[PDB]
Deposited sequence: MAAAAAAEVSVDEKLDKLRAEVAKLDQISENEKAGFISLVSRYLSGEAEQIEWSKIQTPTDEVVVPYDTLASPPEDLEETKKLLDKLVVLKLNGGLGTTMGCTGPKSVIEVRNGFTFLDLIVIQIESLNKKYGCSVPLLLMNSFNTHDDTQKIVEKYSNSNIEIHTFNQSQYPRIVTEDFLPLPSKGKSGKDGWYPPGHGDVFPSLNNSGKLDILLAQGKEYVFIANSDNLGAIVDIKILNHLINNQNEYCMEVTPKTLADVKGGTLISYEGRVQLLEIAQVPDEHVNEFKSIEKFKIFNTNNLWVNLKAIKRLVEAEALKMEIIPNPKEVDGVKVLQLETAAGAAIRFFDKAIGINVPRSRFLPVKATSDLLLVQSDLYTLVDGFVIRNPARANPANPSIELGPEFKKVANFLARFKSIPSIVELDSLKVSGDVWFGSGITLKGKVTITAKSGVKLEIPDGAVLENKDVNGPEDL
């Protein structure tokens, strides 16, 4: 029994709590111990509710908001985009970080309705101390901000299936936060869940701190209160560029990810024709239901292995997803929302969009320029030279105007001046060894640039 050998070594660790050891051992048990395609059903409009059908007063809206807590997933670092510290503290636009804008937006909500919707940041051991220091700057803000630290699990050395860390030794490299599905046991273990319940809060709105579209939506909250759904996942129509989908399966809604799709149906799953929606990671969950299901040990989400290398040594990081929890909640639904609620910043190409003239900031909210009639955003592709935020900023003296852009692709050592306008289809391909400069004031429209001769 490899399970006993691992549980015994986990028990000797002194860096994490007994609750965390038990949760990790549980994940390992499921990992060590596929959907039936013919049973999958497309959700009806009663199971995935189109946003246009939602039922449309300051004081009554306060009564709704008084039941809400806003939780932002803040356990991840800015590594992908070349930044240290929490991903949420990268600057988005006009010097404001993701977390800055979240705070201003809740301040706006509190002012308009005379409420105090609490903000709860779910940190990880990778972000918690920095976030504690950072949230000192909101001390004078019209907001109640709290934080908690999610679970800390040991990485598993793949070769011998033993924990990487050891008793009484430091080192972040030995550990990992076990995904966003951990929000539910962590809300409980940290004590925040009992406090929220005791305060009369009833629903938590969960979202990634890097989704600029994930604002509190009164119509959605109103629907949940009126119909007592225990869980609502916001989905949005699939495009070619898109993720897990909601299905009806054995009489209730559940998330389906490609990992659970048998090989012979992966192409049908990946197609655009059968599944029309995907999960935005905007989640609304009933707090009493979480407590019930955490205490019943019912939240047995699919294990996501997420393997990694620590100084070239292969490790396992067993994780779970927050969206996968939906199949355990009663009266669970999807809501199919417009894509304006799905604006994740995952790459510097997304920063280009939000920092451009395509958007502006209005009281903390990211507002799309109405002069772009096309509701689709331009496609933007940049080479690895632009991967890191600082390098992306250096290579754009100003952000080009892209209101009329269809698509931009840039590769090679390219440096943009200021005051540039891009229209239609623009490709810029700097050949090997060429440091290509796009001049100040350039207008590029339906143009392929392959060298200085094209400028």
property: Deposited residues absent from the coordinates (by C-alpha); result: 1-12, 46-49, 73-75, 262-263
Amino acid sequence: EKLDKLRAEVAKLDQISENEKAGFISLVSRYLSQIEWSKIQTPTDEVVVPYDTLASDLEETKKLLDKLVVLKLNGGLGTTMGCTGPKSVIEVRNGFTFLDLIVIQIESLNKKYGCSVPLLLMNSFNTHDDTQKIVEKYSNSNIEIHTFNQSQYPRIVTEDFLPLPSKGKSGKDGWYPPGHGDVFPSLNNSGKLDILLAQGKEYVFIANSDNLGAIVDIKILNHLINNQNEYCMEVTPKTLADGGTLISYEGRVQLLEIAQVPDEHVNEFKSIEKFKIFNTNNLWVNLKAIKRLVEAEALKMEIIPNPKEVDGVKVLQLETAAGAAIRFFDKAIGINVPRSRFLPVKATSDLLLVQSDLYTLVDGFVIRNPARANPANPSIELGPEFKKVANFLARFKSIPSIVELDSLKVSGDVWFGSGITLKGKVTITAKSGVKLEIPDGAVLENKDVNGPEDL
From here on, numbers count along this sequence of modelled residues.
property: Segment of higher mean CA temperature factor, 58-66 or 44-52; result: 58-66
property: Average Cα temperature factor in the PDB entry - higher stretch of 289-297, 128-136; result: 128-136
property: Residue selected from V310, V366, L119, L193 by maximal Cα B factor; result: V310
property: Out of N267, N336, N226, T147, highest CA B-factor residue; result: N267
property: B-factor third for the C-alpha atom of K314 within its chain; result: highest
property: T84, C-alpha B-factor rank within chain (lowest, middle or highest third); result: highest
property: Third of chain Cα B-factors occupied by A322; result: lowest
property: Chain thirds of CA B-factor: placement of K169; result: highest
property: Chain-wide C-alpha B factor ranking for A11, given as lowest, middle or highest third; result: highest
